[PDB]
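This report concerns only the one structure given below.
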Amino acid sequence: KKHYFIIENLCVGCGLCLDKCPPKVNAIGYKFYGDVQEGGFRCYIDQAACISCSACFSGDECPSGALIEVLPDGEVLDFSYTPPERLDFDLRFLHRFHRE
Amino acid sequence: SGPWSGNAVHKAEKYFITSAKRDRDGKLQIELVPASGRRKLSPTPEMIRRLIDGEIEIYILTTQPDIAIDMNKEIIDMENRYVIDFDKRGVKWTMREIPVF
Amino acid sequence: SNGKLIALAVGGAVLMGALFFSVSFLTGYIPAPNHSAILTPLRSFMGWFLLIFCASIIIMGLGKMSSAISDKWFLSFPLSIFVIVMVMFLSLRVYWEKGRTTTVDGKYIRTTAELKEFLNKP
Amino acid sequence: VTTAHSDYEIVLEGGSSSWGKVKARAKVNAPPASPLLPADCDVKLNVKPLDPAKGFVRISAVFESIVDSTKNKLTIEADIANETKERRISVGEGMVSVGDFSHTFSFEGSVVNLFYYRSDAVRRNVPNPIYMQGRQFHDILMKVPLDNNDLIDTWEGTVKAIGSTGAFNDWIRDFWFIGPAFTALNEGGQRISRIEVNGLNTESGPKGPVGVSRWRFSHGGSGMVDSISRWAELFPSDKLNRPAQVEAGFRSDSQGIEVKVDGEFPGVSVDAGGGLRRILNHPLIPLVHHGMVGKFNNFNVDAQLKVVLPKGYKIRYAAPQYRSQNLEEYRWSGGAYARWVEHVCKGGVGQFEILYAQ
Amino acid sequence: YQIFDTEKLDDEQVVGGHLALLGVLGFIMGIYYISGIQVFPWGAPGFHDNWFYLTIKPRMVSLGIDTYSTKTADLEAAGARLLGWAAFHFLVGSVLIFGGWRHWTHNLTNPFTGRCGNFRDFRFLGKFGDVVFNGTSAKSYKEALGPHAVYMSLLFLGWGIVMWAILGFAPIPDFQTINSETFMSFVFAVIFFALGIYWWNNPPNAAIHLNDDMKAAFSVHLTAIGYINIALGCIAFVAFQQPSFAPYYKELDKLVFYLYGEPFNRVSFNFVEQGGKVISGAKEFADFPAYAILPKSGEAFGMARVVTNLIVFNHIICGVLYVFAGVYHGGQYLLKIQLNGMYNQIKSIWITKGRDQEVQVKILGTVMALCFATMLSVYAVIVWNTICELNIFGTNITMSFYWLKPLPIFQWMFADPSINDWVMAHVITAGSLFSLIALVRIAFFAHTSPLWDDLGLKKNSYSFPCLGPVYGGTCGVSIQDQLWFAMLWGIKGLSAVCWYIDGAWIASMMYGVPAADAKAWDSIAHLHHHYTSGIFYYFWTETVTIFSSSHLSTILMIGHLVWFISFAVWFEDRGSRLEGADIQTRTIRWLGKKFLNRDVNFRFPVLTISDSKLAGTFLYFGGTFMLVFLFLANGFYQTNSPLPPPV
Amino acid sequence: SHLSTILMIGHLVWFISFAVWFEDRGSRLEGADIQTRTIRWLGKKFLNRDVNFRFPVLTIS
Ligand code: BCL
Ligand code: BCL
Ligand code: BCL
Ligand code: BCL
Ligand code: BCL
Ligand code: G2O
Ligand code: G2O
Ligand SMILES: CCCCCCCCCCCC(=O)OC[C@H]1O[C@H](OC(C)(C)CCC\C(C)=C/C=C/C(C)=C/C=C/C(C)=C/C=C/C=C(C)/C=C/C=C(C)/C=C/c2c(C)ccc(C)c2C)[C@H](O)[C@@H](O)[C@@H]1O
Ligand code: SF4
Ligand code: SF4
Ligand SMILES: [Ca+2]
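So the protein sequences, as listed, match chains A, B, C, D, E and F.
What the first sequence shows, in UniProt numbering, is residues 130 to 229, in sequence order.
What the second sequence shows, in UniProt numbering, is residues 20 to 120, in sequence order.
What the third sequence shows, in UniProt numbering, is residues 5 to 126, in sequence order.
What the fourth sequence shows, in UniProt numbering, is residues 9 to 366, in sequence order.
What the fifth sequence shows, in UniProt numbering, is residues 62 to 708, in sequence order.
What the sixth sequence shows, in UniProt numbering, is residues 611 to 671, in sequence order.
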């Protein structure tokens, strides 16, 4: 179903998702490579322990986008809702407000 | 104005290669989906143009039903770095949930 | 080309000096009982810059000290401080305080008894 | 005291882009080993993807070097492509010019590099297969217009020698490895098979006689030969989506040697495994061939490497540890890195494993 | 600390909360008025002097509610007047709190008729709404601006009537008396009436607000009102020092103020409080009853400038805090609209024009460059002046920036133009720029920063203490953390304000010091006013009098404790505290069980880094400014007699 | 005078300790990025054709 995962490539090991995991579940854990300041520490979801409660992902807490949700049909969601894509331009008026 | 459109962490809109099936035997079953998760697209030539231009960023998950290894063009001289075509490059997201407790 | 870096830095310092001089003329102030109004603003600007420059070069040199420090500095680091400290002490005797500060006569006030006998001049 | 001051810089690109800005300056007070000095040289290598559909990249190399009192120039320009995973095809032209002499050439050679063992038991066990034993055949067809008289004289001499000397195929080997090359070759694990001269032909062109020579040789590597073991890694034609440049040079006199290098080229980064990248395995042929010159003077190194990772990348391992970190730039300066620089400058092939990942 | 968030409350709830708070505040005003009753209406002696009433005694006597007259007669009358006005405030505050309860509970049913009016649709005051509004603001704050302007016009009119009749100050044009405040009360009526009508007929538009904007409108208006407070502080400082205000602020110096906590008539140890009490022991000063709070003359205390400084710094601190809070809450709104995606959909300059990250970077870089330049200039000037006055490196005061007065075109702002005023102006600009670095970071880099968009990270939670040691450390990167840093940076501009208004010589750290030429500034710079000692020696001189007061000494100790307690939470110690608190829990468990069979099942709580930063900044600010209160409440202690040359 | 210099310098040092001990490394890093970008932009605009250098920030350790 939900089957929330973490992209180890992008995790920064902040742990903002770990605190949301229910205390007994504790599926999310810390994996250390070395030299914490160099980014060795990372986040992993033990899929066996996960109970698809959505607390980790629905929190909107992942800064890197590593925390993803694979929908039952299958689609990776990096966020609960990404902002719409826009074609932007600076509206500078001609005469009155912001000329040129 | 570009960082505030879409996810602010991806300068180029990211497209995970979620589903691919060998049964259709054409590999058109490759079904790219953006990180937003609202468009189950396909690897069309326009998507190829976007990928080469750098507008998009196609990615692959490790934990999934296998997309196509050596059946969708693969470079294995180094660690595998799957490519739709040699000029393309599907950077595989690595996902170590099983190897670690 | 770092020539433009030094050009901009020296131009900025020169412009600071010129601005200080100009505003010193603008700001109406009685110069001093003796000192002039042409040199005093420049003395203040010299202090200003020398302070900023000394702090900047100290910061930069200590950064490059931390960058270049190695085991090969085994004798280069300690002895250098030694010499500088030595120089400092010598600079205290020959430049800053030239003597022991005896009286004008040269009586060498050196005990509290004679200090008491001195401070109460008739 | 014979100091050696060097400064290296490797700016990388994100994603799977193996592209890198490689800058490198060096100044050594030790005398060079060239029996003729001064020796100055400038080498440019510019490659562009000509026909990506067939994998063709046009690579042009210009060497301009003054030795003693003579200027020499070798230009080449060849479209090279991967015919297969083991065969490579090149069609190119070029010219050489030494003082009052010069001649152009056109070639259509093919290089077939094939290892001796492709066992999967090794590939799944050793994640870093440095040594790979192999054989690289070259079938070279080269044509030279004999505009000058000396070209014709040498063509006649070669015709006489090949058609009379029964030991030409092996003595040519110690001919065309001039001076210390024939030594360094053997010191790099490289063997050369007796060539076969498939034919000498005076197939005249439109503007004078043309000497056409087709000959096949093969060089074999015991794994230390990067031109064999790292075959696929030598030719990032797949990675080449834009022009790649290299501008190097060295000025050498009895006073010492100076070296400049500035390039933008792919193949710098390779995937070690599991989303982890790595600055490519150091080629060993340059190191062992340098050891033939680097062991002649006792030197002290002042070296500084500056690896500028892409925005958001961290180094997870460095064999000689990095001296300093500027949140994307990792600096190696002194310590074990200086020992490693003294080790490779003298011919060492020690590992300098930089592993980095996002 | 988020229970009364804007989202949690609707417009009627906010109306009711503000109304109930106005009523509570009216009760506080009555309390202060009663605290001001020196002599009771019944004859007996009354309350001593409190800063809470010495702050408003000038204004109260301006309105005739209080009197500076010193006889028991007419001071009894002033006390009766204060009691009457306090009772009026009490009852009106009761009514205001009743209305606030009704609005908060939405039970807007008339107790007499029972008709339940609608916040959305309501005729204002009856027929007046029909005449003017023609029907209420159907919705929208924009349609509410005009009605609020009309309400403020009616408030101005009512104050005019009250001062004309109740307090007996007729409307007279001349601006040297309270009478003008009546005149202008009518003027600003018509203005804020007419404009209201205009804004009722032609509403204004800033579409960022009006939509889901209790936080957004609150942020903008809080920043605006913080600048209003800063302007009010400047105006108060200028005006209260003008001659027209002297009858109400300068006449404080002629009075003697018995303030709680001031020196009390001491008694010997062998003292018995029976009858005359003389036989047992001797009190410190005779003619005053034992333990009585001894008189303090306003001339020495400088109560005129003390009260002026207290009011001015109250408004300045409140305004700076309001600016910082407005930028913070606006940053919270910005982050909300960035997360939900409305940021790109806003079509107003206040959001669109800074949409580009390039312009944000350029803005913050310009602010940072100006801050570097001005801070370096002022700090070089100050340290060089210190090097000169202390004669360090062989220097002397002649090399100091005594010549660097404000230009003749800018000396109008300053009574005695010297290098002190120059350093004041430039230090204020530099502190403003410093705090603006953080404020601009909140404004722009609320959801993503150029480092973070390069580093592939986004700021979501608006309170996350960090993202970890990744990239060498991500401490204090939320907008809340930037607000805390902005407050800790504005601490310094606010200090500069305090030290300037209390008479300090902020151009050098060691003015008035008994060393070298520190006491020569008055001769070389030709100063008229003898500024209180310099930045480092100002502590000493002001503590001469802080230490003389038991109450001010208690404040000193308490604020210092509060300040240094802040490091336990601000320092990078949270993990150490968590580990130690686990050890504390285990210690309590086993020690208690061994000592007492009862089990504990309780854990010592450790603040999160977010709460740690919140409490740490609160404590830092609290200690710092509870002590600035001592600086401003010791006395002005800046005399108009320059010190001669040291030699 | 000398004791006064020590007083001022020691207090300067002590309070500068707060810039690093406080939980502010992320703020200083995010701001040093702005310092780098400002240096590049200004060194390109009015200083001509000069852009380089990164402003270092001390790690939490
Ligand atoms: C005809 C020759 C072959 C070939 C032969 C080799 C060999 C052999 C080696 C490489 C190596 C590399 N080559 Mg190649 N290379 C070919 C075409 C290419 C193309 C291309 C798409 O056309 C590209 C992008 C590259 C790029 C690269 C990198 C993958 C790698 C160096 C990385 C490093 O950091 O360099 C740092 C670069 C610098 C230090 C600059 C060096 C500049 C000098 C001037 C070049 C060497 C000159 C040599 C000493 C003198 C020989 C002169 C001849 C006698 C005429 N080569 C052609 C087809 N290449 C090496 C590698 O690491 O393999 C894994 C290696 O072993
Ligand atoms: C400190 C620096 C900033 C500041 C920083 C923050 C931060 C940080 C936060 C808020 C939050 C809020 N702020 Mg604020 N804000 C400032 C100024 C203001 C002002 C103003 C005076 O004009 C207002 C109206 C607001 C309004 C608000 C609300 C929109 C919101 C929820 C408050 C509430 O429910 O808390 C409930 C608690 C309160 C009532 C305040 C605490 C005071 C207690 C209850 C008062 C009575 C007891 C006693 C007299 C004093 C306390 C100590 C005693 C020892 C018990 N802020 C100051 C100047 N503000 C929070 C929110 O959720 O943001 C979305 C939040 O996280
Ligand atoms: C002077 C004009 C100021 C202003 C001054 C204040 C002050 C001051 C306070 C508020 C409070 C509130 N303000 Mg306001 N407010 C302004 C404009 C706005 C606007 C708007 C423009 O539409 C909005 C939407 C708000 C929004 C709100 C709510 C968050 C809250 C009222 C709800 C209520 O009382 O909860 C029900 C809550 C209770 C009645 C409990 C109150 C408890 C105690 C008595 C007060 C707590 C806070 C603190 C001690 C006050 C500190 C002031 C400092 C001395 C500087 N403000 C401008 C910027 N507002 C109050 C609030 O709750 O702050 C957190 C509050 O105290
Ligand atoms: C101090 C009293 C409080 C207060 C307490 C009450 C009480 C109590 C009741 C209401 C009722 C109502 N309140 Mg009210 N309310 C206050 C301010 C407001 C404001 C505002 C202007 O910001 C709004 C939007 C409202 C909204 C509303 C209406 C929905 C409703 C009246 C319907 C109507 O047709 O009445 C026409 C008149 C109104 C719109 C009232 C406007 C507010 C006036 C100022 C209340 C004054 C009461 C006071 C005892 C008398 C003094 C009059 C002097 C001339 C000063 N109140 C004032 C400041 N409100 C009343 C009700 O339900 O009516 C059917 C009701 O009984
Ligand atoms: C000027 C009158 C008001 C004001 C009215 C508003 C309004 C109205 C809005 C904001 C909003 C915001 N305000 Mg404001 N605000 C003021 C003072 C400040 C100060 C300050 C310390 O001076 C700061 C740091 C902020 C900070 C902020 C942000 C939280 C937010 C904009 C984010 C953004 O993306 O901007 C993008 C960056 C800009 C648009 C930069 C350019 C500035 C604009 C064009 C106007 C001022 C410059 C002016 C032309 C200068 C030249 C002439 C001089 C007037 C002499 N305000 C004063 C008190 N503010 C918005 C918000 O969302 O509120 C919650 C909002 O709706
Ligand atoms: C008055 C000031 C202080 C204390 C009082 C105190 C008390 C205390 N501290 Mg502290 N602290 C600082 C100030 C004070 N820290 C500063 C300025 C820094 C900046 C570096 C700092 C830093 C760390 C780190 C990094 C760690 C700790 C701990 C830790 C404790 C848990 C157990 C213990 O130590 O008990 C030993 C400590 C005692 C029980 C102290 C005895 C009480 C006293 C006589 C009177 C209390 C007065 C009161 C505070 C005033 C108002 C109270 C009321 C009227 C509202 C613990 C009770 C840590 C632990 O949990 O591990 C042991 C840990 O890891 N800290
Ligand atoms: C004298 C003491 C201090 C400074 C000098 C300073 C300088 C500074 N700081 Mg600081 N700081 C504190 C003290 C000082 N912070 C405290 C006690 C706290 C505890 C809360 C604290 C905390 C934060 C946070 C949380 C952040 C920052 C920043 C940030 C800057 C970058 C942008 C800027 O302000 O440029 C504007 C340029 C100036 C501020 C530099 C002009 C220098 C002048 C002439 C004083 C010279 C000091 C001394 C004489 C040098 C010795 C030379 C020789 C003797 C060896 C930046 C230059 C941050 C940024 O990078 O954000 C954009 C950020 O996020 N901070
Ligand atoms: C505390 C002293 C300052 C030191 C602060 C350090 C600065 C950052 C240093 C990096 C910090 C760090 O972290 O790393 C240190 C790293 O160092 C090294 O690297 C280097 C880049 C080589 C260091 C050199 C940097 C530079 C050349 C030096 C510094 C820059 C300089 C030149 C600073 C001074 C600039 C100036 C003077 C600022 C001020 C200039 C602007 C002013 C005054 C405005 C005037 C107004 C005008 C227009 C008119 C005014 C007016 C008005 C308004 C009205 C009326 C009237 C009448 C008037 C006159 C190693 O390589 C690494 O190993 C090591 O790590
Ligand atoms: S869905 Fe719930 S149980 Fe599963 S990892 Fe997320 S927080 Fe833990
Ligand atoms: S030191 Fe504390 S605040 Fe800073 S990154 Fe680590 S956990 Fe976060
Ligand atoms: Ca005072």
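The C-beta atom is built at its ideal place from N, Cα and C for all residues, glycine as well.
- When C-beta atoms of the stretch 623-642 of chain E are compared with those of the stretch 677-692 of chain E, three or more pairs fall below 8 angstroms, so the two segments count as touching.
- Along the stretch 641-664 of chain F, going in chain order, the ones with a CB nearer than 9 angstroms to a CB of chain C are 653, 656, 657, 658, 659, 660.
- Taken through DSSP and simplified to helix, strand or coil, residue 229 of chain E comes out as coil.
- Using a Cβ-Cβ cut-off of 8 angstroms, residue 187 of chain D is close to nothing in chain C; its nearest Cβ partner there is about 38 angstroms away.
- The alpha-carbon of residue 646 of chain F is positioned some 44 angstroms away from that of residue 34 of chain C.
- Look at residue 666 of chain E: its beta carbon is at least 8 angstroms from all of the heavy atoms in ligand 1.
- In this chain, the beta strand (DSSP E) harbouring residue 172 of chain A covers 171-174.
- With a threshold of 9 angstroms between beta carbons, residue 366 of chain D makes no contact with chain F.
- Between the stretch 85-103 of chain B and the stretch 276-293 of chain D there are three or more C-beta pairs closer than 8 angstroms, enough to call the two in contact.
- Using a Cβ-Cβ cut-off of 9 angstroms, residue 404 of chain E counts as an interface residue toward chain B, since at least one Cβ of chain B sits closer than that to its own.
- The CB of residue 289 of chain D never comes closer than 8 angstroms to any CB in chain F; the least such distance is about 29 angstroms.
- The C-beta of residue 667 of chain F comes closer than 9 angstroms to at least one C-beta of chain D.
- For residue 215 of chain A, the nearest beta carbon of chain B is closer than 9 angstroms to its own beta carbon.
- At a beta-carbon threshold of 9 angstroms, the residues of chain B lying near residue 249 of chain D are 71, 106, ordered along the chain.
- Only those residues of the stretch 138-160 of chain A whose C-beta falls short of 9 angstroms from the nearest C-beta of chain D are listed: 138, 139.
- Close to ligand 6, as judged by a C-beta nearer than 7 angstroms to any of its heavy atoms, are the residues E:622, E:625, E:626, E:628, E:629, E:632, E:634, E:637, E:638, E:640, E:641, E:642, E:644, E:645, in chain order.
- At a threshold of 8 angstroms, residue 129 of chain E does not count as near ligand 11, since its beta carbon sits no closer than that to any of the ligand's heavy atoms.
- For residue 432 of chain E, the enclosing alpha helix (DSSP H) begins and ends at 418-450.
- Here the alpha carbon of residue 57 of chain C sits roughly 27 angstroms from the alpha carbon of residue 424 of chain E.
- The Cβ atoms of residue 84 of chain D and residue 69 of chain D lie closer than 9 angstroms to each other.
- The beta strand (DSSP E) runs of length 3 or more contained entirely in the stretch 320-364 of chain D are, from start to end of the chain, 322-326, 337-341.
- Flagged as an interface residue toward chain A: residue 527 of chain E, by a C-beta distance shorter than 9 angstroms.
- At least one heavy atom of ligand 8 lies closer than 8 angstroms to the C-beta of residue 68 of chain C.
- For residue 133 of chain A, there are no C-beta contacts with chain B under 8 angstroms, since the nearest C-beta of that chain is about 10 angstroms from it.
- In this structure, the CA atom of residue 91 of chain E is about 11 angstroms from the CA atom of residue 113 of chain E.
- Using a Cβ-Cβ cut-off of 9 angstroms, residue 93 of chain C does not count as an interface residue toward chain E, since no Cβ of chain E sits closer than that to its own.
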